[PDB]
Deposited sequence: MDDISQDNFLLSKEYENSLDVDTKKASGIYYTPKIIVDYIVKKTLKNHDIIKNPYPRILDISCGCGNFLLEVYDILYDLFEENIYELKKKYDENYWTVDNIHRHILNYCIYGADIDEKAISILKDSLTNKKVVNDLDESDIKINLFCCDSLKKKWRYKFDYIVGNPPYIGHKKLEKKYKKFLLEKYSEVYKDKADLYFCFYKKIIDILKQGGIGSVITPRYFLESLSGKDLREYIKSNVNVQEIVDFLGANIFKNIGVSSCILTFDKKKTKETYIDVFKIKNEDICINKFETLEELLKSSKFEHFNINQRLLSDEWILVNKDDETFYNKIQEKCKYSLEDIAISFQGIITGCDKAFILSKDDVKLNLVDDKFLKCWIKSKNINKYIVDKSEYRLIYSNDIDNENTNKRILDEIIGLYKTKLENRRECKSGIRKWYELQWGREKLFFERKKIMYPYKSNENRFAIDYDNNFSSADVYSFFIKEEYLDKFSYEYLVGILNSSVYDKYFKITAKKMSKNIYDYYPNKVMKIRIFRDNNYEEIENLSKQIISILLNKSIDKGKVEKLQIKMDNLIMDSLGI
């Protein structure tokens, strides 16, 4: 329930917000953490504030009440007017109160601005100069549905559909930041590209100036946590600048403690830096260097079609309980199942470039079982072994599905045809032509070509360009980075891939047919396939003028 932010990142975020504060002009800064926990950020804020006041104590004494501004009074002043925290966990608040009280070694009742509450519901009675911290991340499966009602009603500007709780914390932080204030947080990176983050990105862009984005990509910032992180720093300062510093990591294998500070890491060869004009951000944030932007714009301008224009996309089967319906093709229980009910079944690891592995699994398409008396053996001995769990699926509880039916069986005829399949998460482009009427779960996506576009594009040509090094780089420019060496390959981005057709079409298609032919024979030569791929990459680069 409580996650420990690495100290190097905590110090960086606090320094980012407070390093240029003019304590003489404003000796009453309000610094807030609305998910403060045990005080990872607030205790560091205390240290930064204490040095800031002590360094200028005589200037404050001369300018202001000379009896109020003494070194002995800094501790009381910081806790009365400067440090604010909120968290739902009262045990964490109690520990943090002890820590803040123990910074100075009662006199009279020092009051500490710590609130045990839901930060998304609190009536915040003033705004803040500086806001730092690490909000909770809770996705759509793990968030309580009753709470989702409240979020959908009151945070609809950033929270719909499959959005995340931390979207709302971005909203709350922005709303209670003072004019001219600065905020700096570490959150998941996914909202930068994800479809769910579209409204949140619009909210950030139009309400704050984004100073800086640190993107750690798939690096493991939180030990033993499967999440990918970024640091955002933003302000509400009236400026004409509108330019963002982007620091994007180059090696995801780095360990965060290479230097004493994060700034040393950011300036090093481990990161690349570039600038993005916030005014030029569309609903998508394309955060790339000038070389990649030129590369991306060339391809976009050259291609007159998208996959969406020419193809029909669909997600795979969702049985709702795979162990009930998926069997090994050598399982003796398949003797009980008439072959009309059986489909070939593949996983994402079975998709290679250009062709699919031979399937080892079979799907019982139980939707075609008419009733429980004709095929009782299949229900009693195979599917019924998981009947309790099958009955807890949403559509079974509501009576839409029989307990033995697939939850989302889709349309059989979409799968039983020539089509292209690709894994939903992969390190690289792997688009394959399926010749074997393979079915799959939602870890594999499929598309087929519209009939009116068959004379312009063939499957062989499509897998040729889509598997090229050019298109691998092109897709990853805007793709959603999930974890180390993993991108989402989902239709909401895959179908936006733009394609071209020019004088090189026939030779690209012929090279693709050679590759497929080699990949499908027995005494397979790996090597010549690579040479043919290099030749095709040259044709594609020639076509797109790169």
item	value
Deposited-sequence stretches lacking C-alpha coordinates, listed in sequence order	1 to 27, 133 to 136
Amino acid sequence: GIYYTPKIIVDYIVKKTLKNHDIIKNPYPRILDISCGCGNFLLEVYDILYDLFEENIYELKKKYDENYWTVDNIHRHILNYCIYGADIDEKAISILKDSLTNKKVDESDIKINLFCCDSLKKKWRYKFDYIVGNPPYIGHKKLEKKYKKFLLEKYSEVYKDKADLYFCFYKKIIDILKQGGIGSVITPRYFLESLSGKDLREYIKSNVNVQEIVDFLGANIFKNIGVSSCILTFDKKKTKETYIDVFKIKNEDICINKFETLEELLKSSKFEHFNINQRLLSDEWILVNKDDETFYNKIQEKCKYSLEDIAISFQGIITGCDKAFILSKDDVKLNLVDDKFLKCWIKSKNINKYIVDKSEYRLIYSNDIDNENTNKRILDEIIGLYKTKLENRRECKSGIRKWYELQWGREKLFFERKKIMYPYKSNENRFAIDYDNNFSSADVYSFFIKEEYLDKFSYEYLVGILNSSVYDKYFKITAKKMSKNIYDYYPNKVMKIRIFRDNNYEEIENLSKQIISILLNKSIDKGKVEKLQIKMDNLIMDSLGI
From here on, numbers count along this sequence of modelled residues.
item: Other entries omitting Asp106, at least a third; value: yes
item: 139 to 147 versus 460 to 468 - which carries the larger mean C-alpha B factor in the record; value: 139 to 147
item: 239 to 247 versus 421 to 429 - greater average Cα B-factor per the deposited record; value: 239 to 247
item: Given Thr261, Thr319, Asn209, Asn438, the residue at which the Cα B factor reaches its maximum; value: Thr261
item: Residue with highest C-alpha B-factor in the PDB entry, from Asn134, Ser108, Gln407, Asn350; value: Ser108
item: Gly180 CA temperature factor, ranked by third within the chain; value: middle
item: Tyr487 by Cα B-factor - lowest, middle or highest third of the modelled chain; value: lowest
item: Third of chain Cα B-factors occupied by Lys412; value: middle
item: Ranked C-alpha temperature factor of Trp124 among modelled chain residues, by third; value: highest
item: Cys168 by Cα B-factor - lowest, middle or highest third of the modelled chain; value: lowest
